[PDB]
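Same order as they appear, the protein sequences are chains B and A.
Positions 4 to 123, 131 to 239 (PDB author numbering) are the ones given, in order, by the first sequence.
Positions 5 to 123, 134 to 154, 165 to 237 (PDB author numbering) are the ones given, in order, by the second sequence.
Quick notes on the structure that follows.
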Amino acid sequence: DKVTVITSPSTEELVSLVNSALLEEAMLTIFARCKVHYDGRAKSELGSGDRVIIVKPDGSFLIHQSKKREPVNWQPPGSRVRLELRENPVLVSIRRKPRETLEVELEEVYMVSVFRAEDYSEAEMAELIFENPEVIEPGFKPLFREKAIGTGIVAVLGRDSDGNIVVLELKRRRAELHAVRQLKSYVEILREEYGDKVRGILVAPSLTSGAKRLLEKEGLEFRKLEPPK
Amino acid sequence: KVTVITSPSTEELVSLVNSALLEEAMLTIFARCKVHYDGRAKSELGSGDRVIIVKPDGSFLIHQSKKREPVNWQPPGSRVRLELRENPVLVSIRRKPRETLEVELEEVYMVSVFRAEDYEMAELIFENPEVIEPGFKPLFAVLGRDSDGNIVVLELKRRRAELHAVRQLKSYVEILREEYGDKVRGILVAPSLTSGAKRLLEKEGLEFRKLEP
């Protein structure tokens with residue numbers, strides 16, 4: 004029961020999902036043609052128009068119009084939300100301290116949705139590669155690991171299926187551009203010595219797309235690995 | 005107006021995203037996702053359930069289950085494209101300054117497409143006086169007569185009524201009380217009042233009626 008969705012709901016349906024959401028501490032999201040009234044210190048009035056309404060379990064109220072960025076009207080966490088029936092169903096958000104009120108009259112509700120959403131060491135990578143070389147490449151033979159020459163960089167030297175030297179630069183975190191530059195340098199050294207057979211490979215959970223660009227541009231490669239925890 | 009799909013295969017996802025991009029419609033997707041944001045400015049957030057809203061103007065909004073502001077967002081005047089990968093990724097490109105915001109969609113709960121784009135009375139009282147109260151006789165702000173033969177004051181406002189004309193109504197019914205005394209009544213006519221206006225209206229004894237142009 005992760006997501007409930009009712010498209011063009013009825014009154015009893017709307018009240019059902021809305022109240023169930025409010026009670027169950029879930030995220031309520033409603034796409035609607037509505038009319039907006041903000042009564043308070045800074046007065047605001049919005050007429051009929053298509054809007055997205057977002058009500059968080061902590062009380063946060065958000066009204067998003069068709070454009071821009073920020074909400075056209077919003078209420079802070081800790082505020083109070085309730086659905087009261089009138090000629091058309093009305094979503095009332097009461098912020099306290101200071102006490103101000105935001106009423107959203109729902110003219111037509113196109114969609115109502117209840118979204119239940121929960122809140123909230132590179133060496134082990136190397137040793138993992140050694141334990142199972144079949145992670146990186148087929149018939150991959152790892153040879154040795156090496157670290158901390160003039161830096162903190164870690165590396166794995168090995169041989170591939172067809173015999174070429176392979177360097178592996180491991181990054182615990184997401185792989186930046188800098189990592190690709192260092193890998194490139196290692197590779198160009200190894201190239202200078204053992205010849206051009208050698209190919210380097212980046213090992214890291216992911217990368218910035220810039221890093222992928224630089225990778226495909228300098229002839230290097232990438233391999234996906236997730237650090238154990 | 006609204007097109008929704010629950011637990012989509014990547015075909016459905018990419019289809020609906022392309023539909024949002026083509027038709028200039030609002031794209032809303034509830035998903036458990038992993039959030040990467042990179043550039044000269046850097047932000048990284050792990051797995052969790054989030055709501056993803058892409059507006060036709062290029063605005064990108066990623067909302068978590070709490071607080072208020074988006075957990076990550078991209079300004080209006082940007083570029084959003086969905087690319088298939090290990091898991092399908094929404095990539096929002098901001099240029100000048102150039103930074104990029106990608107969400108890896110691990111589990112996609114729903115995908116939705118949504119359309120867009122929004123952005134005197136005195137005579138009406140004279141004609142059909144039953145508008146104010148049953149058995150109402152209008153005379154000549166607006167002065168009138170309640171069927172008990174009483175002075176009835178009307179102060180008319182067009183849009184939502186704050187407390188200004190409530191003070192006005194108080195003073196008007198007060199001088200009308202100087203002449204004609206008790207049972208003389210002021211009335212606030214407007215499509216809507218404010219809580220303050222409502223309370224001041226109720227305490228000082230005045231009244232209210234619903235009328236819209």
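C-beta: ideal position from N, C-alpha, C; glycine also.
Neighbours of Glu90/A across chain B, judged by C-beta separation under 8 angstroms: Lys234. In the DSSP assignment, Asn22/A falls outside any beta strand (DSSP E) and within the unbroken alpha helix (DSSP H) covering 14-27. If you draw a 10 Å sphere on the C-beta of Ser195/B, you find fewer than 16 other C-beta atoms in it, and that means exposed. Assignment of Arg54/B by DSSP, reduced to helix, strand and coil, places it in the strand class.
DSSP places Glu179/A inside the beta strand (DSSP E), whose first and last residues are 174-180.
Around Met30/A, the beta-carbon contacts reaching into chain B at under 9 angstroms are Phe34, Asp53, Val55, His67, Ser69.
Burial check for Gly168/A: the Cβ neighbour count within 10 Å reaches 16 or more, so the residue is buried.
Residue ranges of uninterrupted beta strand (DSSP E) with 3 or more members, entirely inside the stretch 165-239 of chain B and ordered along the chain, are 175-180, 209-214, 231-234.
For the stretch 106-118 of chain A, the set of residues with a beta-carbon nearer than 9 angstroms to any beta-carbon of chain B comprises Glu106, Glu108, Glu111, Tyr113, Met114, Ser116, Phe118, in chain order. In this chain, the beta strand (DSSP E) harbouring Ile66/B covers 64-67.
Taken through DSSP and simplified to helix, strand or coil, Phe140/A comes out as helix. By alpha-carbon distance to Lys222/A, the top candidate from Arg191/A, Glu202/A, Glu203/A is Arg191/A. Between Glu121/B and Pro60/B, the alpha-carbon positions lie close to 11 angstroms from each other. A straight-line Cα-Cα distance of about 25 angstroms links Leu20/B and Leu20/A. For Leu88/B, DSSP assigns no beta-bridge partner whatsoever. Using a 10 angstroms sphere on the CB of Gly210/A, the tally of other CB atoms reaches 16 or more, which defines it as buried.
In this structure, DSSP gives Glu147/A a state outside helix and strand, which the three-state scheme calls coil. For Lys38/B, the enclosing beta strand (DSSP E) starts and ends at 30-42. DSSP places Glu134/B within a helical segment (H, G or I) once states are collapsed to three. By a beta-carbon distance limit of 8 angstroms, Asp170/B contacts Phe150/B. Their separation comes to about 6 angstroms. Apart from sequence neighbours up to five positions away, the residues of its chain that approach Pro143/B with a beta-carbon distance below 8 angstroms are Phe150, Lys151, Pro152, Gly168, ordered along the chain.
The stretch 229-238 of chain B makes no contact with the stretch 69-84 of chain A: fewer than 3 CB pairs, one atom from each, lie closer than 8 angstroms. At a cut-off of 9 angstroms between beta-carbon atoms, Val190/B makes no contact with chain A. Residue environment analysis places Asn76/B among the buried positions, since at least 16 neighbouring C-beta atoms fall within 10 angstroms of its C-beta. Here DSSP, grouped into helix, strand and coil, assigns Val75/A to coil.
Annotation: the continuous beta strand (DSSP E) that includes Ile97/B extends over 93-98. In the displayed model, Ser47/A falls within a strand according to three-state DSSP. At a cut-off of 9 angstroms, the C-beta of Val213/A has no neighbouring C-beta in chain B. At a beta-carbon threshold of 8 angstroms, the residues of chain A lying near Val6/B are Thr10, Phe34, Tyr113, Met114, ordered along the chain.
Look at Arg119/A here: in three-state DSSP terms it is coil, with no helix or strand label. A straight line joining the alpha-carbon of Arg184/A with that of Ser116/A spans about 35 angstroms. By the CB criterion at 9 angstroms, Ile146/B and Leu235/B fall inside the cutoff. Nearest Cα to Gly43/B within the set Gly220/A, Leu225/A, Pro237/A: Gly220/A. Note: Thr10/B is bridge-paired with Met114/B in the DSSP secondary-structure output. Note that the C-beta distance between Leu31/B and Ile9/B is not below 9 angstroms. Think of a sphere of 8 angstroms around the beta carbon of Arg85/B: no beta carbon from chain A falls inside it, the nearest being about 15 angstroms out.
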